[PDB]
4 protein chains.
Amino acid sequence: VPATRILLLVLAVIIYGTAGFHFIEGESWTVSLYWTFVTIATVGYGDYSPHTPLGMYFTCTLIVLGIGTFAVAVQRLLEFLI
Amino acid sequence: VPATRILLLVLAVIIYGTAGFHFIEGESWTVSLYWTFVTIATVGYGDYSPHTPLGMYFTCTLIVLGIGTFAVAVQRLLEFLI
Amino acid sequence: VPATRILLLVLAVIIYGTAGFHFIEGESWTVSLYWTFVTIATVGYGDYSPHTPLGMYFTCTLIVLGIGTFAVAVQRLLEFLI
Amino acid sequence: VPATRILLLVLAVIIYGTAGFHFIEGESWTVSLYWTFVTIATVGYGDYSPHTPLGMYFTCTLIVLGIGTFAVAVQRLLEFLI
Ligand SMILES: [K+]
Ligand SMILES: [K+]
Ligand SMILES: [K+]
Ligand SMILES: [K+]
């Protein structure tokens, strides 16, 4: 898969995660973007997390759709930095 | 290993994690399912965690049985989405 | 590397992590073992963490020595379960 | 990529993470180094995390630049220990 396509896929995941957390959990756009990265990178500080059943369901979908995508994206970035 | 078999294996892990956390730690089915995903994806927010010695032992078993299974499942899902 | 040797290596990591956390941070053997798994699996709930400078240094060493070892161990366990 | 070059790359990431967290979030050099390892290893206890918008942005950059680098570094260390 071409690296630029992988870039677009991870950007789509990031938009999905950010907008979802913002609207479902009510955190700022900035906090939601931060939380999205922390989640899909699997860092998961827990400073932010879903507190609603919908937020929890949404988070599981983001986990499934985002973690693999982010992992592949970082791998490709390695090559272009190294 | 066929992707559908990997699907069944991760579903079995999810049932195991969810039922175990629910019965050992006493959280709702929904919270337990959420916690199971957060754990096997290695996100681990820490908003939920075991507070009993049995829960701690159980969590270690879920970690060992689930993390690899989930990792393989997300990899295969990548291919079917991309 | 033979799977049984990988088993011994991860067991050595587990002993190292458990004894270290117990003596440096003062948590029970059970809690320390649980924390060791949660850490080397990279789950990191944060329900337990080092609160001393020595504990922090020790945790970084466990992270470096343990995360790779655990990752290889789970991969090999996959094959023997599947 | 030569293992020594990978060593230098992860050391550069560690300096970047430590100095950044120290200056942006105001934690001690020791705490900042610890947080850097916990973050790039993806452990993310959440005992420490950014509380400013700049810190959050910085953390996302560290996540993107550091997680892959650390993953490759631990893999190479495995070979030299085993
Ligand atoms: K956490
Ligand atoms: K984590
Ligand atoms: K975590
Ligand atoms: K992780």
Side-chain angles (χ1 to χ4, degrees), chain C residues 1-18 20-21 24-27 31-32 34-77, chain D residues 1 3-4 6-22 25-51 55-56 59 62-64 66-82:
Chain C
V1 184
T4 303
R5 190 190 172 192
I6 292 300
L7 173 62
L8 299 186
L9 289 163
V10 81
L11 295 171
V13 165
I14 284 161
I15 299 166
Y16 174 75
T18 303
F21 198 68
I24 296 160
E25 296 292 324
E27 298 286 354
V31 164
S32 293
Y34 161 71
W35 174 85
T36 295
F37 270 97
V38 165
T39 298
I40 69 181
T42 82
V43 178
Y45 296 118
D47 52 347
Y48 301 94
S49 57
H51 296 280
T52 75
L54 183 57
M56 289 178 184
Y57 167 77
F58 160 75
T59 298
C60 297
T61 74
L62 177 61
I63 280 168
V64 166
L65 294 174
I67 284 165
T69 310
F70 192 80
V72 179
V74 299
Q75 285 164 359
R76 306 297 269 97
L77 182 69
Chain D
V1 184
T4 303
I6 292 300
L7 173 62
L8 299 186
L9 289 163
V10 81
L11 295 171
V13 165
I14 284 161
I15 299 166
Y16 174 75
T18 303
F21 198 68
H22 168 74
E25 296 292 324
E27 298 286 354
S28 72
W29 290 103
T30 290
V31 164
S32 293
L33 177 67
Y34 161 71
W35 174 85
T36 295
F37 270 97
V38 165
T39 298
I40 69 181
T42 82
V43 178
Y45 296 118
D47 52 347
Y48 301 94
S49 57
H51 296 280
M56 289 178 184
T59 298
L62 177 61
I63 280 168
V64 166
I67 284 165
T69 310
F70 192 80
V72 179
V74 299
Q75 285 164 359
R76 306 297 269 97
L77 182 69
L78 272 164
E79 299 168 21
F80 285 82
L81 292 173
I82 301 162

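Only this structure's heavy atoms are used, side chains among them; waters, hydrogens and symmetry mates stay out. Below, chains carry the letters A, B, ... as their sequence lines are ordered, and counting in each starts from 1.
With a 4.5 Å cut-off on non-hydrogen atoms, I82(D) touches chain C through its backbone and its side chain both. Neither the backbone nor the side chain of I40(C) has a heavy atom closer than 4.5 Å to any heavy atom of chain D. Heavy atoms of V43(C) lying under 4.5 Å from chain D belong exclusively to its backbone.
To the nearest 0.5 Å, the span separating NE2 on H51(C) from CG on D47(D) amounts to 7.0 Å.
When each of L33(D), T30(D), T42(D) is scored by its heavy-atom pairs under 4.5 Å with chain C, the top score falls to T42(D). Among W35(D), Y34(D), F37(D), the residue with the largest count of heavy-atom pairs under 4.5 Å with chain C is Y34(D). Among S49(C), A41(C), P53(C), the residue making the largest number of heavy-atom pairs under 4.5 Å with chain D is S49(C).
Residues of residues 66-75 of chain D lying under 4.5 angstrom from chain C, judged on non-hydrogen atoms, are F70(D), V74(D) by number.
Residues in residues 53-64 of chain C take part in these side-chain hydrogen bond (donor to acceptor under 3.5 Å, both in side chains) pairs, two or more places apart or across chains: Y16(C)-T61(C).
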